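Structure, as structure tokens:
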Protein chains: 2
Amino acid sequence: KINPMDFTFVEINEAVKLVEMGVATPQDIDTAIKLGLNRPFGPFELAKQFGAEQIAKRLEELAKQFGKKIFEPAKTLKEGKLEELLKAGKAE
Amino acid sequence: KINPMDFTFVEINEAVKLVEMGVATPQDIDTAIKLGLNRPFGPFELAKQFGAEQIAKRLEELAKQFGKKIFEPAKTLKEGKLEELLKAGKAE
């Protein structure tokens, strides 16, 4: 049974993985979302708000439920190294 | 009751609206998704594949179910003007 919140959990790791594959930065993502989507927290601040720990555990659950690639938790998350990752697109 | 497919329906109009608010183009989106997410069709070809008509009708359903902003169908879609929209970020 799915929540509305699961949809931002999945959006988030969509975002995460893009950043993981180097096709975008945490920033252009957050801003375009915030600006385009007119909301207060982009995927990543959202992620920071929530916690890598929580979102993954949850994404796991869904991966079992569905077995689609999209639901499987980004490694950035499943291993909490989120913060060093912002460093990547943010640092240089 | 939600399907796995609903998650790409919502991703799509996430994408759509970004493009609607001018913060990205249909292209940088499709490619970053395809490249970063290593899949065959970006949000928009996906959308083209499916049809503005179908995705909206469906997004509607979810908006009633949840009443979160994220689920409400982009106007680009709910009015099928999808194709002229690719023109925007694609044309100039």
Side-chain angles (χ1 to χ4, degrees), chain A residues 2 4 6-25 28-39 42-43 59 62-63 65-72 74, chain B:
Chain A
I2 86 132
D6 300 348
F7 272 91
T8 97
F9 286 166
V10 168
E11 210 196 48
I12 281 163
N13 79 337
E14 284 317 63
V16 162
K17 296 171 203 164
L18 262 2
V19 180
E20 284 193 320
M21 292 307 283
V23 313
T25 79
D28 294 2
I29 294 194
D30 277 355
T31 59
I33 288 272
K34 272 153 48 95
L35 271 56
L37 273 12
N38 203 47
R39 53 166 95 149
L59 262 44
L62 299 147
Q65 158 139 210
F66 297 108
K68 300 297 302 185
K69 181 146 74 100
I70 181 172
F71 302 99
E72 295 161 4
Chain B
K1 69 173 166 188
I2 86 132
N3 300 300
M5 189 70 315
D6 300 348
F7 272 91
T8 97
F9 286 166
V10 168
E11 210 196 48
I12 281 163
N13 79 337
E14 284 317 63
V16 162
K17 296 171 203 164
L18 262 2
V19 180
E20 284 193 320
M21 292 307 283
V23 313
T25 79
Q27 254 260 193
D28 294 2
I29 294 194
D30 277 355
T31 59
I33 288 272
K34 272 153 48 95
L35 271 56
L37 273 12
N38 203 47
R39 53 166 95 149
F41 310 109
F44 299 85
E45 326 151 10
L46 269 191
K48 185 181 182 163
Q49 254 54 112
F50 280 115
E53 35 273 63
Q54 164 178 180
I55 292 142
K57 206 184 81 72
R58 179 44 184 176
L59 262 44
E60 278 298 4
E61 308 192 22
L62 299 147
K64 278 82 186 281
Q65 158 139 210
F66 297 108
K68 300 297 302 185
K69 181 146 74 100
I70 181 172
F71 302 99
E72 295 161 4
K75 304 286 179 184
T76 287
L77 304 168
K78 192 201 214 162
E79 234 74 14
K81 315 109 70 46
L82 190 45
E83 329 175 329
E84 54 167 38
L85 205 199
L86 259 269
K87 300 183 176 198
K90 279 262 226 152
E92 272 98 21

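Below, chain A is the first sequence line, B the second, and so on; all start at residue 1. Atoms considered below: every heavy atom in the structure, side chains included; atoms not considered: hydrogens, waters and symmetry mates.
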inquiry  = Using 0.5 Å steps for rounding, measure from the CD1 atom of A/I2 to the NZ atom of B/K1.
reply    = 13.0 Å
ask   = Considering only heavy atoms from C-beta outward, does the side chain of B/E72 approach that of B/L59 to under 4.5 Å?
value = no
key: NZ-OG1 distance between A/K68 and B/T8, expressed to the nearest 0.5 angstrom   = 9.5 Å
query = Tell me, do B/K90 and B/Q27 make a side-chain contact under 4.5 Å, heavy atoms counted?
reply = yes
request  = Check A/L18 against B/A32 and note the closest heavy-atom contact, atom names and distance.
outcome  = CD1-O, 3.2 Å
Distance, nearest 0.5 Å, that separates CG of A/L35 from OG1 of A/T31 = 6.0 Å
note = Taken in chain and number order and not counting sequence neighbours, the residues that satisfy side chain to side chain donor-acceptor pair (under 3.5 Å) with B/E60 are B/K78
task = Quickly, which of B/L62, B/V10, B/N13 forms a side-chain contact (heavy atoms from CB on, under 4.5 Å) with B/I70? Name it, please.
result = B/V10
message = Please report the interatomic distance OG1(B/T76) to CD1(B/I12), rounded to the nearest 0.5 Å.
response = 12.5 Å
Salt-bridge contact A/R39-B/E14 (side-chain N to carboxylate O under 4.0 Å) = yes
query = Mind checking whether B/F71 and B/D6 have side chains closer than 4.5 Å, heavy atoms only?
reply = no
inquiry  = Does atom CE (B/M5) have a neighbourhood of more than 12 heavy atoms from anything else shown, all under 6.0 Å?
reply    = yes
query = Looking at side-chain heavy atoms only, is the closest gap between B/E45 and B/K34 below 4.5 Å?
reply = yes
inquiry  = Could you tell me if the side chain of B/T25 sits less than 4.5 Å from the side chain of B/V19, heavy atoms only?
reply    = no
task = Quick one: pull up CZ in B/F44 and CD in B/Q49 and give me the separation to the nearest 0.5 Å.
result = 13.5 Å
key: B/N3 vs B/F9 side-chain heavy atoms within contact, under 4.5 Å   = no
task = Taking the side chain as every heavy atom from C-beta outward, state whether B/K81 and B/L85 have any atom pair closer than 4.5 Å.
result = no
Salt bridge present between B/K87 and B/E83 (N-O < 4.0 angstrom) = no
key: Side chains of B/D30 and B/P43 in contact at under 4.5 Å (non-hydrogen atoms)   = yes
query = Thinking salt bridges, do B/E20 and B/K17 make one under a 4.0 Å N-O criterion?
reply = no
